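So basically every Cβ, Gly included, is an ideal-geometry build from the backbone, and we count neighbours across all protein chains shown. Each answer follows from the model by the rule given with it, or from the source it names; no laboratory read-out is quoted.
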Protein chains: 4
Amino acid sequence: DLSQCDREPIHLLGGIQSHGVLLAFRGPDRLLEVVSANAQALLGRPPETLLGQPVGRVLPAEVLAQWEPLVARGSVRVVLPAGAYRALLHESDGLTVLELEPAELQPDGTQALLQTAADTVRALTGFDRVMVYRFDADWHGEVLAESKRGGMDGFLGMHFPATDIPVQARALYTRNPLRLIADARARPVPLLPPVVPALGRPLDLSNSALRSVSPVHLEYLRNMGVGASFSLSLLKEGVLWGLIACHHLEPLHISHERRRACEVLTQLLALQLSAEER
Amino acid sequence: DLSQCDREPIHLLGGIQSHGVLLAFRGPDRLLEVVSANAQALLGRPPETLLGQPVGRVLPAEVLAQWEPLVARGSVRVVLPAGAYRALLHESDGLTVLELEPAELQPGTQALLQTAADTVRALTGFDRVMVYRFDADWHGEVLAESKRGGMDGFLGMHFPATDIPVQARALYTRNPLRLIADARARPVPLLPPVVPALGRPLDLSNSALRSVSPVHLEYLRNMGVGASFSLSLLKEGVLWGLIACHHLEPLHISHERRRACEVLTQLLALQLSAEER
Amino acid sequence: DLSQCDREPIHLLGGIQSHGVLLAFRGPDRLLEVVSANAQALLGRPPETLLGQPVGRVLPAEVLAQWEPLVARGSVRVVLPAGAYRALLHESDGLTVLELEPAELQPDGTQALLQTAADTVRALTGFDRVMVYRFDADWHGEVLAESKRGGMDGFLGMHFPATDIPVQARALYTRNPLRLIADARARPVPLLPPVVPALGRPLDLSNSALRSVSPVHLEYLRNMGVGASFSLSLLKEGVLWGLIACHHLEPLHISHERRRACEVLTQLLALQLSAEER
Amino acid sequence: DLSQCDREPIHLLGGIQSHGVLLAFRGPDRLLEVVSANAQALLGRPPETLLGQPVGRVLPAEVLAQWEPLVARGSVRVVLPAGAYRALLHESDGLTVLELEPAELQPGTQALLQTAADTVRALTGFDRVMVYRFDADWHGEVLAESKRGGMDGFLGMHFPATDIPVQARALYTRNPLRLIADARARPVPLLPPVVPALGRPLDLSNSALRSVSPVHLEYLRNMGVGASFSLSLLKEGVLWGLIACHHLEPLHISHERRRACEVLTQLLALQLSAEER
Ligand SMILES: *C/C=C1/C(=C/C2=NC(=C\c3[nH]c(/C=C4\NC(=O)C(C=C)=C4C)c(C)c3CCC(=O)O)/C(CCC(=O)O)=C2C)NC(=O)[C@H]1C
Ligand SMILES: *C/C=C1/C(=C/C2=NC(=C\c3[nH]c(/C=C4\NC(=O)C(C=C)=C4C)c(C)c3CCC(=O)O)/C(CCC(=O)O)=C2C)NC(=O)[C@H]1C
Ligand SMILES: *C/C=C1/C(=C/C2=NC(=C\c3[nH]c(/C=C4\NC(=O)C(C=C)=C4C)c(C)c3CCC(=O)O)/C(CCC(=O)O)=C2C)NC(=O)[C@H]1C
Ligand SMILES: *C/C=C1/C(=C/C2=NC(=C\c3[nH]c(/C=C4\NC(=O)C(C=C)=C4C)c(C)c3CCC(=O)O)/C(CCC(=O)O)=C2C)NC(=O)[C@H]1C
């Protein structure tokens, strides 16, 4: 292994991916306590200025409009002057975290089972390459199926993720079905303040959609020429069983409809993997 | 996974330990969706009856009294006709989960972990306290021991090697304190067996009363262990080790000394990291 | 104040507590220059006889055995015919001071932080009462937390040590983390000779474990019915910040393991008090 | 404490005054653990290089020559190629600390303190000498003054009241003599910034070269003070007062007259106590 990074607190890196914006706030006043340093391009004020403020005079008016279904359902589509956005709400460290990400406009045998899953996910995402790993007893990911376009750069990248995926990464994969790295060549954006005063550490990004990625893994994607990477967790009876990894040589937006279909497919596959016995 | 029992979804077992009571509810009406089957002795109605009801007409009034700091602080002590209780609130699967547990009434590196072992044994009063440090294969190595004179579980410095599954280590990372009040007690099922909105049992990752894997409960019984109380040692937010306390019978620890136990794990986490930078 | 005693040279009283024995010696011959008047019960010769002698024919053979780790580490446990003892070595006035004290046998918010410290120390010592003082800008100790057994003689002794703890006492508390008065009803033992010839004054007992206590404070403990008193200095960034005072109505040996855990706790607390800013 | 600067750990500032050099080492190998950053001009190697080395191959040979009386007497004069030096040895934090400072070459109660003031001004040659007596609130009261004709720091009988912090008075109690050679000079940092074995800087309570609190150094500069030389007046081992000498520029005092200064403080301590018993 590489113990120097297999103890990496990947939930505490204090950064997001640059295509979105993250805000966090506590209390009934809804006072901003965390804000990504890139937030001015979307919110019209400098981040150090927005700290301390209630969200009512911080969020764009289009978001505050949909605030009720946003709390109810945890997500809502909104149309900002900057374009279409997805808003996503979850709870963490006692803070309510708000993530804004660009969206399209809305105006007017077991190997055989996993092979069809591979082909199905590649059809839904359009990504060049899709790989399905199954974890063995040593938690090595075994390449079990591949779907790919004809004539490929990333050849047969059938190498196992061996003494590989650290426990903290597998724990996040268990708690989140979908993980998107929009562009491995893009730069992470730091969260402000660097440590949350109430916590003595950075905000926990375990369930954050925009969570920046361990540099060691981002470098592994870049060496492969991978731009976008989109991953689906395969659970069996609530336990991590495998991983579907989609790699595309450049950014390629997937869109919410086909992302949601991807997650439903992981739920359908979990049923099929468990019910095969009982 | 890591064998016949290391694939166990220990967060989804659907039970609590029998010394406490758990309720869960969604929505602004606060409609009961989850209830432990033992709840009648504390709430005065059958659980199958309390399902569907708002909490305002479900919880005892002493609890609803302190409901503001209970939501505010996440915990509050209350005095019920049955005696003193701790109420504990967290969110899970979109439900807000309330746990009621009885309480008393209210009117070098090896050397550092050696003192930690002696400090925890004095705070808990438990017969034996062990400090494990996890190596690179996530095997726990016994690094310090504090224990009373003349022991039944004498010198247990046998390592937990191909042992503590990832799901257990993940919960040790997310919760600083874990208490098994009595390994001879029986788990109490949560009702309904699967949450209708979820298709599975309520996720008990952050539950104080979460029941115990039958295989580990059986291993505790074989040792003559009654109570088991664990403190997670984190370094820079990553699981580093475990302080495991074993007692031959039940022994209440009490909130003051639990809270002192948790502060010590925070103090120790500073010392393990700041030792470098 | 009481200026008649707030200039008391409490480091120069020339006495020890009666439960231990103190020896001091200079030079490469290691010639006894200071000896407590109670030393015969442990060493088998009269103190005036042991003066001038090298330690090789003065110390018990069990102590001279462990002399190497005693110098190396500053402390060592030894088993004498009289029972188990702790030996403690430090330097003072150019003399090397040796203190022997009985030991058990070894054969086969900020207020919330200080409240847990109070409860933790009471658990480690077993003393009836534990009080935590924090010093304000006038160096008054403010009672900030209390841990105590149910149903108490020393009620709520929440009175501040006000125009109180003299500067010389606070200086010794800064230089020593742990201070034990084994029994406030016991009698101090004089050091011989009454003044050290080389110095023109008594041996400086600033860092002595057995140092006898100012009579005015010993009388204050007795009036409270206090037998044992065990104190821990709280430092922040090397400066005296507060004091944890343990009082027990009778003698109660604490034992080295739990004393050492007590001192580590004061070091851990000092980190938490300083790092809270930087 | 006693304000924004009266909590200052003046024994832990991690610097020395730039006119001298400090080394510290532990163990029987005499391994360098502390070294002032200015040490190369005197020892001929970079400080970061000398760390880890035994002193026998670190100190100049003239110093190791006199090493027996240096350990014996605690001080010895040596003649280096750079000129005459004083070597000074004491123990602190388990380290033995060696300080090198340049030296010249060697081939009623008010009335008593008035003569003491005139005696110290003649011994030091400094422009102004003040005698403070501490009252019961540990405020220093000006009790006698000796000074040259026509003064810049004319008649400074303003009291140091809510002033001299406890940490400064504790060091005045433990050291009879304190010299600030030049308040316009710059402190030299000790390397490494914290002692690895200690988690903090070396304790400089008994160091001759110990640097000065920035706030007090700035107050000296505002007065046009270059050199400052202090004598502690003890009565029965307790701090009683201070003789403070101020000079508008650096002025070496020389060991003979420093030693005479210290003997006078001992003679005065006899007279202040024996006046009763
Ligand atoms: C230092 C820790 C390591 C590590 C971290 C890591 N891997 C993740 C997902 C993942 N990694 C791989 C394969 C590799 N990643 C590497 O860095 C290397 C070698 C240098 C390899 C061979 C795979 C196949 C996967 C599954 C996802 C995929 O694209 O296939 C993650 C989580 C990333 C995230 O989404 O946040 C982390 C943190 N991987 C290691 O091998 C070691 C070096
Ligand atoms: C089937 C899975 C296994 C398993 C589950 C498990 N262990 C936990 C804590 C823990 N276990 C041990 C040691 C053992 N437990 C066993 O069942 C056996 C062998 C039969 C051994 C040797 C230790 C030392 C620890 C640390 C805690 C302690 O008391 O010392 C837990 C979490 C329990 C909880 O709090 O919920 C689980 C789920 N342990 C395994 O070894 C395999 C069998
Ligand atoms: C004449 C000097 C005084 C003095 C000396 C003193 N106090 C010490 C510790 C300590 N004292 C108190 C409280 C009191 N001590 C008293 O004598 C009186 C009044 C008569 C009071 C109110 C406290 C709270 C503490 C902290 C320790 C504790 O048990 O709480 C010491 C050092 C003793 C030692 O360990 O050597 C000295 C020398 N205290 C004064 O108030 C004045 C009278
Ligand atoms: C922030 C802490 C303070 C402080 C520290 C201090 N004083 C020392 C000796 C000393 N100071 C004074 C008078 C002053 N020093 C000041 O900074 C100020 C105001 C800005 C005043 C009025 C005197 C008279 C003395 C006695 C020595 C002398 O030269 O007269 C020392 C020790 C210096 C040393 O040798 O290391 C310290 C650390 N003094 C304070 O008044 C407050 C501000």
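When A:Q111, A:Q106 are checked against the criterion of being polar (S, T, N, Q), more than 20 Å from the chain's Cα centre (by Cα) and not in a loop (DSSP other than H, G, I, E, B), A:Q111 stands alone in meeting it.
Among the residues of the range A:202-257, those identified as near ligand 1 (Cβ under 9 Å from one of its atoms), within 23 Å of A:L269 (Cα to Cα) and hydroxyl-bearing (S, T, Y) are A:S229, A:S231. Of the residues making up the range A:201-235, those that are more than 20 Å from A:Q168 (Cα to Cα), over 15 Å from the mean Cα position of the chain (by Cα) and in a loop (DSSP other than H, G, I, E, B) are A:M224, A:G225, A:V226. Does the range A:1-22 contain any residue that is farther than 26 Å from A:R185 by Cβ and away from chain B (no Cβ under 14 Å)? Scanning the range A:1-22 turns up no residue that is farther than 26 Å from A:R185 by Cβ and away from chain B (no Cβ under 14 Å).
When residues in the range B:87-102 are screened for being acidic (D, E) and under 11 Å from B:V71 (Cβ atoms), 1 of them pass. Criterion first (surrounded by fewer than 20 Cβ atoms within 10 Å (Cβ to Cβ), assigned to a helix (DSSP H, G or I), among the hydroxyl-bearing types (S, T, Y) and within 23 Å of the chain's Cα centre (by Cα)) does A:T120 satisfy it? Considered against the rule, which asks whether it is surrounded by fewer than 20 Cβ atoms within 10 Å (Cβ to Cβ), assigned to a helix (DSSP H, G or I), among the hydroxyl-bearing types (S, T, Y) and within 23 Å of the chain's Cα centre (by Cα), A:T120 comes out as yes.
Just so you know, in the range A:184-200 the residues that are among the small types (G, A, S) and within 15 Å of ligand 1 (Cβ to nearest atom) include one that is farthest from the chain's Cα centre (by Cα), and it is A:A186. Given the condition within 14 Å of chain B (Cβ to nearest Cβ), more than 16 Å from ligand 4 (Cβ to nearest atom), at negative phi and in contact with a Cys (Cβ under 7 Å, 6 or more places away or on another chain), answer yes or no: does some residue in the range C:128-139 qualify? Scanning the range C:128-139, I find at least one residue that is within 14 Å of chain B (Cβ to nearest Cβ), more than 16 Å from ligand 4 (Cβ to nearest atom), at negative phi and in contact with a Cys (Cβ under 7 Å, 6 or more places away or on another chain), so the answer is yes.
Within the range C:126-137, residues that are assigned by TED's automatic domain parsing to the domain that holds C:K148 reach partners that are among the basic types (K, R) and more than 16 Å from ligand 4 (Cβ to nearest atom) with beta carbons closer than 6 Å, at six or more positions or on different chains, in the pairs C:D128/C:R149; C:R129/C:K148; C:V130/C:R122.
Against the list (1) assigned to a helix (DSSP H, G or I); (2) within 14 Å of chain A (Cβ to nearest Cβ), the condition B:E218 fails is (2).
Of everything in the range A:23-58 that is assigned to a strand (DSSP E or B) and surrounded by fewer than 17 Cβ atoms within 10 Å (Cβ to Cβ), the residue that is farthest from the other protein chains (Cβ to nearest Cβ) is A:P54. Taken as a whole, the range D:98-109 holds no residue that is part of a loop (DSSP other than H, G, I, E, B), among the aliphatic types (A, V, I, L, M) and within 14 Å of another protein chain (Cβ to nearest Cβ).
The lone criterion from (1) touching a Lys or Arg at 6+ places or on another chain (Cβ under 7 Å); (2) in a strand (DSSP E or B) left unmet by C:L12 is number (2). Of the residues that make up the range B:23-41, is at least one of a type in the set (S, T, Y), under 30 Å from B:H216 (Cβ atoms) and outside the structural domain of B:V166 (by TED's automatic domain parsing)? Yes, because at least one residue in the range B:23-41 is of a type in the set (S, T, Y), under 30 Å from B:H216 (Cβ atoms) and outside the structural domain of B:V166 (by TED's automatic domain parsing).
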